[PDB]
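The structure file start_5.cif is reproduced below (mmCIF, C-alpha atoms).
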```
data_target
loop_
_atom_site.label_atom_id
_atom_site.label_comp_id
_atom_site.auth_asym_id
_atom_site.auth_seq_id
_atom_site.Cartn_x
_atom_site.Cartn_y
_atom_site.Cartn_z
CA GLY A 1 116.74 155.82 -54.78
CA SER A 2 118.40 159.18 -54.19
CA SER A 3 116.36 160.90 -51.48
CA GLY A 4 116.74 164.23 -49.69
CA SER A 5 115.61 167.82 -50.18
CA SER A 6 115.72 169.97 -53.32
CA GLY A 7 112.75 172.31 -53.09
CA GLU A 8 110.67 173.89 -55.85
CA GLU A 9 113.01 175.61 -58.31
CA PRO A 10 114.45 174.94 -61.80
CA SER A 11 118.12 174.53 -62.70
CA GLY A 12 120.50 175.87 -65.33
CA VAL A 13 122.57 173.54 -67.50
CA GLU A 14 122.78 170.91 -64.77
CA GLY A 15 119.01 170.51 -64.89
CA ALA A 16 119.44 169.19 -68.43
CA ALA A 17 121.11 166.12 -66.92
CA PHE A 18 118.57 165.69 -64.12
CA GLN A 19 115.83 164.72 -66.57
CA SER A 20 118.21 161.94 -67.58
CA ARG A 21 119.00 159.22 -65.04
CA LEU A 22 122.77 159.71 -65.15
CA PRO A 23 125.63 161.50 -63.35
CA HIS A 24 126.29 164.99 -64.71
CA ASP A 25 129.76 164.85 -63.16
CA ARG A 26 130.98 161.54 -64.58
CA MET A 27 130.33 159.32 -67.60
CA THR A 28 128.21 156.18 -67.84
CA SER A 29 128.78 152.73 -69.35
CA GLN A 30 127.27 154.04 -72.59
CA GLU A 31 129.11 157.37 -72.78
CA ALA A 32 132.31 155.49 -71.94
CA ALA A 33 131.73 153.03 -74.78
CA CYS A 34 130.73 155.70 -77.29
CA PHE A 35 133.59 158.00 -76.29
CA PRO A 36 136.64 155.90 -75.30
CA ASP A 37 139.14 158.74 -75.64
CA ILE A 38 137.04 160.89 -73.31
CA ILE A 39 136.64 158.27 -70.58
CA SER A 40 140.33 157.42 -71.00
CA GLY A 41 141.41 161.05 -70.77
CA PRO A 42 142.31 163.73 -68.21
CA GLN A 43 139.65 164.98 -65.79
CA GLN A 44 139.61 168.05 -68.03
CA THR A 45 138.76 166.24 -71.27
CA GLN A 46 136.06 164.27 -69.45
CA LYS A 47 134.45 167.45 -68.12
CA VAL A 48 134.70 169.15 -71.51
CA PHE A 49 132.53 166.40 -73.00
CA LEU A 50 130.21 166.10 -70.00
CA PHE A 51 129.55 169.80 -70.58
CA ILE A 52 129.03 169.73 -74.34
CA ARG A 53 126.24 167.17 -73.94
CA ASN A 54 124.37 168.85 -71.08
CA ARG A 55 124.58 172.19 -72.90
CA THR A 56 123.28 170.63 -76.12
CA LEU A 57 120.19 169.45 -74.25
CA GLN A 58 119.64 172.92 -72.79
CA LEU A 59 119.32 174.66 -76.15
CA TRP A 60 117.16 171.76 -77.34
CA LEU A 61 114.88 171.97 -74.31
CA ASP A 62 114.53 175.70 -74.97
CA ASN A 63 113.87 175.42 -78.71
CA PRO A 64 112.76 171.78 -79.12
CA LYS A 65 110.28 173.04 -81.72
CA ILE A 66 113.06 172.94 -84.31
CA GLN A 67 115.84 170.50 -85.18
CA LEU A 68 119.13 171.27 -83.43
CA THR A 69 121.82 171.23 -86.12
CA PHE A 70 125.45 170.46 -85.29
CA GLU A 71 126.58 173.94 -86.33
CA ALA A 72 124.10 175.81 -84.14
CA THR A 73 125.01 173.74 -81.08
CA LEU A 74 128.67 174.51 -81.75
CA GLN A 75 128.22 178.25 -82.28
CA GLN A 76 126.13 178.55 -79.11
CA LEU A 77 128.66 176.37 -77.28
CA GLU A 78 131.60 178.02 -75.52
CA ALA A 79 135.16 176.71 -75.79
CA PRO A 80 137.13 174.88 -74.98
CA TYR A 81 133.97 172.80 -75.41
CA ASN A 82 133.25 174.08 -78.92
CA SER A 83 137.00 174.17 -79.55
CA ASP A 84 136.97 170.45 -80.32
CA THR A 85 134.41 170.21 -83.13
CA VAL A 86 135.02 166.48 -83.50
CA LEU A 87 133.59 166.09 -80.00
CA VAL A 88 130.57 168.33 -80.58
CA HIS A 89 129.82 166.15 -83.61
CA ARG A 90 130.14 162.88 -81.69
CA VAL A 91 128.19 164.24 -78.72
CA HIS A 92 125.28 165.80 -80.61
CA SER A 93 124.94 162.44 -82.37
CA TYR A 94 124.86 160.05 -79.41
CA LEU A 95 122.00 162.24 -78.19
CA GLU A 96 119.80 162.36 -81.29
CA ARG A 97 120.55 158.71 -82.04
CA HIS A 98 119.61 157.84 -78.45
CA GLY A 99 116.44 159.87 -78.89
CA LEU A 100 117.72 162.48 -76.45
CA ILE A 101 117.23 165.38 -78.88
CA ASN A 102 115.55 166.38 -82.14
CA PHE A 103 112.78 163.86 -81.49
CA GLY A 104 109.78 166.18 -81.72
CA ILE A 105 110.27 168.43 -84.73
CA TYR A 106 110.51 166.16 -87.77
CA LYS A 107 108.79 162.87 -88.60
CA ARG A 108 111.78 160.51 -88.71
CA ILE A 109 111.92 156.72 -88.56
CA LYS A 110 110.21 155.93 -85.25
CA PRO A 111 107.51 153.61 -83.85
CA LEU A 112 104.17 154.68 -82.39
CA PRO A 113 101.21 153.39 -80.33
CA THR A 114 98.93 151.94 -83.01
CA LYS A 115 95.71 149.97 -82.50
CA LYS A 116 97.49 146.62 -82.75
CA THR A 117 99.14 147.52 -86.06
CA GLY A 118 99.60 144.59 -88.41
CA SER A 119 100.01 144.18 -92.17
CA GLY A 120 98.99 140.53 -92.29
CA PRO A 121 101.61 137.86 -91.53
CA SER A 122 100.92 134.39 -92.94
CA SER A 123 103.81 132.36 -91.52
CA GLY A 124 101.95 129.29 -92.74
#
```
Do you think you could lay out the structure here as structure tokens?
Amino acid sequence: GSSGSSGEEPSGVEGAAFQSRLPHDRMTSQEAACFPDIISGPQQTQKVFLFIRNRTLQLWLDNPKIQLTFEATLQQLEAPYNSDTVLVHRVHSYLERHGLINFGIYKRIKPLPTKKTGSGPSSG
């Protein structure tokens, strides 16, 4: 895959994307499907969204001990990103729903490695 030289040092907001196998400059098949208006908008709009997501992950990676509410993310966010609340609401969702955030603070519907879990299917 992508090879080269980076070194041994962390990264600001961008780093948030690194962890995720996806371009922090453009959108992916998923993001495009979830946010049609964004992908079908001006370079500006696209960036605005690509920034709201990355940022959301930052705050989450810093305080992943607690659930990241939509409000908090917005307040912390800086316009024009936060300006469009509708976006911050659609972005923060795609993440949580995709298990990209708030997945280690509350016990919500989710599978787990169990010793061959099984209630007792008869199917016969």
Handout entry: Explicit residues for the PyMOL selection byres ((chain A and resi 58) around 9) (as a ChimeraX atom specification)
Key = /A:12-16,53-57,59-63
Problem - residue 86 of chain A surroundings by all atoms listed in the file, 12 Å radius, close-in-sequence under 4 positions cut, as an MDAnalysis selection string - result: chainID A and resid 35 37:38 49 52 70:71 74 81:82 90:93
Expected selection from the PyMOL selection byres ((chain A and resi 66) around 12), given as a short mmCIF file (atom, residue, chain, number, x, y, z; two decimals) with C-alpha atoms, in the frame of the given file:
```cif
data_model
loop_
_atom_site.label_atom_id
_atom_site.label_comp_id
_atom_site.auth_asym_id
_atom_site.auth_seq_id
_atom_site.Cartn_x
_atom_site.Cartn_y
_atom_site.Cartn_z
CA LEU A 59 119.32 174.66 -76.15
CA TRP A 60 117.16 171.76 -77.34
CA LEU A 61 114.88 171.97 -74.31
CA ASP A 62 114.53 175.70 -74.97
CA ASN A 63 113.87 175.42 -78.71
CA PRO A 64 112.76 171.78 -79.12
CA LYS A 65 110.28 173.04 -81.72
CA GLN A 67 115.84 170.50 -85.18
CA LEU A 68 119.13 171.27 -83.43
CA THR A 69 121.82 171.23 -86.12
CA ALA A 72 124.10 175.81 -84.14
CA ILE A 101 117.23 165.38 -78.88
CA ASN A 102 115.55 166.38 -82.14
CA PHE A 103 112.78 163.86 -81.49
CA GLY A 104 109.78 166.18 -81.72
CA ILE A 105 110.27 168.43 -84.73
CA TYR A 106 110.51 166.16 -87.77
CA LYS A 107 108.79 162.87 -88.60
#
```
Exercise for the section: List the neighbours of residue 39 of chain A out to 12 Å using only C-alpha atoms; skip same-chain residues closer than 3 positions along the sequence, and give me the result as an MDAnalysis selection string. Expected result: chainID A and resid 26:36 42:50
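Atom CA of residue 109 of chain A sits 25.3 Å away from atom CA of residue 122 of chain A.
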Exercise for the section: Find the residues around residue 100 of chain A up to 9 Å (all atoms listed in the file counted), leave out those fewer than 5 positions away in its own chain, and share them as a PyMOL selection string. Expected result: chain A and resi 20+57+94-95
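Rounded to one decimal, atom CA of residue 96 of chain A and atom CA of residue 73 of chain A lie 12.5 Å from each other.
Closest approach to residue 76 of chain A among A:88, A:11, A:41, A:1: A:88, based on only C-alpha atoms.
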Handout entry: Length of the atom CA of residue 113 of chain A to atom CA of residue 97 of chain A vector [Å]
Key = 20.1 Å
